[PDB]
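**Q** The structure's right below; bear with me while I get my questions together.
No value in this document is a laboratory result; all are computed from the given coordinates. We place every Cβ from the backbone using ideal geometry, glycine too, and count neighbours over all the protein chains shown.
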Amino acid sequence: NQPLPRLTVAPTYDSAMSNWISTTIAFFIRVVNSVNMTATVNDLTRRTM
Amino acid sequence: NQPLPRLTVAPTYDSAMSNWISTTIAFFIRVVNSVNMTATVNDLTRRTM
Amino acid sequence: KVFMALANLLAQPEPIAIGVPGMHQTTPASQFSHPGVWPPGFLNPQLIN
Amino acid sequence: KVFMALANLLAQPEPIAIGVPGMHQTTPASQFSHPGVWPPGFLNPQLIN
């Protein structure tokens, strides 16, 4: 945690949590495009996931 | 600006406005064919865009 | 403002530096109305890597 | 009370240490009703960059 921001606040991605949200989403994408899910699940629906 | 023509006029493409039009369009083509854009949007609809 | 609209549109993959504190990249683009709050990457594209 | 009225509204744009102990910059400006609480940055403007 950081102390209270001095000035007006807008949504920022450098917060420790966002990154945790970002790596997990980034990690799953690599599960979706892994060699297991490439063979079984269709390719036209793998882009949607 | 250029002086007023006394001839029959036709739409040209070598004006500063038609150059500005045909460079932001050529930029957003590069946007829609980026790497962070080709990941989420389907590859057929970006052919339409 | 025109530049800001896109830079606030994809402020996840491409982070730039907004010149002042008080606003961020995901600030609404309508607020970029003072001369001092023009981002330095926009005043000189060599700062954007 | 006139000076600290601007110092309250600029606690986050332009912060500055108020050297009198117990009274910070976010102290309400209608409470400096003693000569001992006169800030040293107000007695001498050279203490503010």
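**Q** Kindly establish whether D:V20 is surrounded by 12 or more Cβ atoms within 10 Å (Cβ to Cβ) and more than 25 Å from A:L7 (Cα to Cα). Spell out how you get there, then give the answer.
**A** Values: surrounded by 12 or more Cβ atoms within 10 Å (Cβ to Cβ): yes; more than 25 Å from A:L7 (Cα to Cα): no.
For D:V20, the condition - surrounded by 12 or more Cβ atoms within 10 Å (Cβ to Cβ) and more than 25 Å from A:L7 (Cα to Cα) - is not met.
**Q** Still on this structure, please answer the following. Taking segment A:22-37, which residues are of a type in the set (V, I, T) and surrounded by 12 or more Cβ atoms within 10 Å (Cβ to Cβ)?
**A** Once the filter is applied, which keeps residues that are of a type in the set (V, I, T) and surrounded by 12 or more Cβ atoms within 10 Å (Cβ to Cβ), segment A:22-37 yields A:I29, A:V32.
**Q** Test each condition in (1) within 14 Å of chain A (Cβ to nearest Cβ); (2) within 21 Å of D:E14 (Cβ to Cβ); (3) not hydrophobic (A, V, I, L, M, F, W, C); (4) not in a loop (DSSP other than H, G, I, E, B) for C:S30 and report the one that comes out false.
**A** Condition not satisfied by C:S30: (2).
**Q** Another question about this same structure. Within segment C:35-49, how many residues are within 21 Å of A:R6 (Cβ to Cβ) and either within 14 Å of chain A (Cβ to nearest Cβ) or touching a helix residue (DSSP H, G or I) at 6+ places or on another chain (Cβ under 9 Å) (or both)?
**A** Final tally of qualifying residues: 2.
**Q** Additional query: Suppose we filter C:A7, C:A11 for residues that are crowded, with 17+ Cβ neighbours inside 10 Å and over 9 Å from the mean Cα position of the chain (by Cα); which single one remains?
**A** On the way: C:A7 fails: over 9 Å from the mean Cα position of the chain (by Cα).
None of the others qualify; the one that does is C:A11.
**Q** When the residues of segment B:3-38 are narrowed to those that are assigned to a helix (DSSP H, G or I) and of a type in the set (S, T, N, Q), which ends up nearest to the chain's Cα centre (by Cα)?
**A** B:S22
**Q** Separate question: Of the conditions (1) farther than 20 Å from A:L7 by Cα; (2) of a type outside the set (G, A, S); (3) assigned to a helix (DSSP H, G or I), D:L6 clears all except one; give me its number.
**A** All conditions are met except number (1).
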